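In what follows, a single structure is set out as structure tokens and then discussed.
Here the Cβ positions follow ideal geometry from the backbone for every residue, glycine too, while neighbour counts run over all protein chains shown. Please treat every number below as a calculation from the coordinates, not as lab data.
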Amino acid sequence: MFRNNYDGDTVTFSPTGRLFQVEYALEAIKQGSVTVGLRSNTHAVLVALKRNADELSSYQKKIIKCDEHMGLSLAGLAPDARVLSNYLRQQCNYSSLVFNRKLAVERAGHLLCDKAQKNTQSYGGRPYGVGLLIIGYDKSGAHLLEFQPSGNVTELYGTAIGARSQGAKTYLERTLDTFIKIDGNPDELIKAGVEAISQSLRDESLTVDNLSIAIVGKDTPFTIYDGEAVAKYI
Amino acid sequence: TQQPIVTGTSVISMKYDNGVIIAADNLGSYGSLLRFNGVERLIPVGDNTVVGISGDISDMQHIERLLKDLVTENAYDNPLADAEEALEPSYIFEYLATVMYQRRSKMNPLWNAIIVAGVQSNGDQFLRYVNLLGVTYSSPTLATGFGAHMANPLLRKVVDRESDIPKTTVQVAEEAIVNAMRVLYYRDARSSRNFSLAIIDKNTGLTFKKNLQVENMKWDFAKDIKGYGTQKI
């Protein structure tokens, strides 16, 4: 009731110093379907649940490659995800052309942060209402980052975002000690991931149609598995 | 730069079994006036790279500053700036090559020839050239300006093909370099007797030697050269 007076734009603090437009943006992510990210010391993996509109439609892509050694998964506003991942593609590319250097994942996260931040401090636009899980493999090894609408980017061993994602996130906390040690064994890291995302299913099952998987690592370029490519894990 | 004013002559360089050597004299000329004599034209970037520059000294100073800025920028939010995520010679090169070609293409060159020397993280020697045209090449030896004409032929007798590299020691390479510096002093009217030398070694790191002097010259025979044909005394 009181919140109603302070939530009109991203350029207005509430009397307790909240930015409700940024908080609302966070809620946009919960309208997306679940996606999980996790990693060991050799590989990083994404798992997504894809939605269809009905039985006549395709399922929507959730995973986007940004470079040979980097890509992401999304939950939330699809257009936002298109804008932010193109931006990442450009930054990776710039790093390569000018410096002959693969963009570090940590640096990718920072660039992403700064771009999203600007949308939260000026009148005219809105925060990005999408969540991103970013995996990569650079000179300092395997990485997983989570991006928030606030711009804030966090480095994690594992996480989940989107609808019903708490289950997977709990499972990843619970299994932490195990999955981070899955080195030189990519299919096993993938199995851990599929298992995690499974904790977020409510009366629904993983199929060759709805399950999307991505992996990157040492000697392993960012690869996206869909369709029959995911069957061995189901 | 539309035309060079203060200038440095040859930079020369070669690979050897465990690293690279690069040298350049300490002169800044002003036409035919030997104007400045403590001009350092070798530019270490971190512990793994040395950038040697010839040509317009104003443009050289501008490039120096670009390089320091890279070092500064690379360190921002970079917990491994002194390690895994330090600048590689290959990054410094690609950056400069990009800059030189851009400036050529705006008809406003940085009026220089540059050799970038160092060792990559995997221990590989790095040696590559770029100039005011944006022209780039590698070779087991590289030399700019006058040094391309007299130092290269000397240096290639040591490392003639890729296979000569692991057969070549610092000691041998350094001797070859110094001899070439003496030869340039003999025959380049814009050379100085004083020079700097840097070795970048996969094991021992960067060794920067300032204030070398050309030594052991032959002038002896000059006492016997009289007239230009028929004159006997």
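Assorted remarks:
- Ellipsoid semi-axes for chain B, based on the Cα gyration tensor and the rule √(5λ), read 32, 22, 15 Å when sorted largest first.
- Under DSSP loop assignment and at most 13 Cβ neighbours within 10 Å, longest chymotrypsin sites (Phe, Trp or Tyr not before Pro)-free interval of chain B: B:77-218
- Residues of region B:165-198 with an amide N closer than 18 Å to a point placed 7 Å from the Cα of B:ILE225 along the Cα-to-Cβ direction: B:182-191.
- In this calculation the C-beta distance from B:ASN203 to A:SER58 is compared with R0 = 45 Å, giving a FRET efficiency of 0.20.
- Cα long-axis angle, helix B:145-156 against chain B (0 to 90 degrees, to the nearest 10): 90 degrees
- Within region B:69-116, the trypsin sites (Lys or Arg not before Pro) that combine a DSSP coil assignment with at most 14 other C-beta atoms in a 10 angstrom radius are B:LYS106.
- Least to most buried among A:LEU19, B:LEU127, A:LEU56 (fewest other Cβ within 10 Å first): A:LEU56, A:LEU19, B:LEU127
- Compactness of region A:61-142 - radius of gyration and Dmax, Cα, Å: 12.9, 39
- Against the main long axis of the alpha-carbon atoms of chain B, helix B:89-105 sits at an angle near 80°.
- Projected label points at A:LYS115 and B:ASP160, each 7 Å from Cα along the beta carbon direction, are separated by 5.4 nanometres.
- Per-residue Cβ neighbour rank within 10 angstrom, fewest leading, B:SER13, B:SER54: B:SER54, B:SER13
- A:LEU156, B:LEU33, A:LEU84 arranged by Cβ crowding within 10 Å, fewest neighbours leading: B:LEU33, A:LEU156, A:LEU84
- Prolate is the label for the protein assembly as shown, because the ratio a/c of its alpha-carbon gyration tensor axes (a ≥ b ≥ c) is 1.5 or higher and a/b is greater than b/c.
- Stretch in chain A that is longest and holds no chymotrypsin sites (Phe, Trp or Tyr not before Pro) that DSSP places in a loop and that have at most 11 other beta carbons within 10 Å: A:124-234
- Shape of region B:124-200 from the C-alpha gyration tensor: oblate (a/c of 1.5 or more and a/b not above b/c, with a ≥ b ≥ c the square roots of its eigenvalues).
- Cα centroid of region A:1-62 to Cα centroid of region B:168-200, whole Å: 64 Å
- The mean number of Cβ atoms from other chains found within 10 Å of a Cβ in peptide A:96-103 is 5, as a whole number.
- Listed cross-link partners A:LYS65/A:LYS169; A:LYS61/A:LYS191; A:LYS102/B:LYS167 are compared with a 28 Å cut-off, the Cα-Cα value being larger for A:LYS102/B:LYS167.
- Net charge dipole size for the protein assembly as shown [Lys, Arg +1 and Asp, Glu -1 on Cβ; Debye, nearest 20]: 1540 debye
- Stretch gain in nm, segment B:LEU133-B:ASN211, where the contour uses 0.36 nm per residue and the Cα spacing is subtracted: 24.9 nm
- B:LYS68-A:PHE2 FRET efficiency (beta carbon distance; Förster radius 45 Å; 0.05 resolution): 0.25
- Efficiency of FRET between A:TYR94 and B:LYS232 - r from beta-carbon atoms, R0 60 angstrom, step 0.05: 0.25
- Rounded tilt (10° steps) of B:57-75 against the dominant C-alpha axis of chain B: 30 degrees
- Of all segments of chain A bounded by GluC sites (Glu not before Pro) found in a DSSP loop with no more than 16 other C-beta atoms within 10 Å, the longest spans A:69-203.
- The residue list A:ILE29, A:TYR171, A:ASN185 was ranked by how far each Cα lies along the charge dipole of chain A toward its positive end, using unit charges on Cβ atoms, and A:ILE29 comes out on top.
- Using only the C-alpha atoms, the convex hull of region A:72-218 corresponds to 131 Å³ per residue.
- Net +/- balance of residues flanking A:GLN91 in space, Cβ distance below 12 Å, scoring K and R +1, D and E -1: +3
- Taking each residue as 0.36 nm, the span from B:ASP77 to B:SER105 lengthens on full extension beyond its C-alpha to C-alpha distance by 6.8 nm.
- Taken about its Cα centre, chain A carries a charge dipole of about 460 debye when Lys and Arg each add +1 at the Cβ and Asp and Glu each add -1 at the Cβ.
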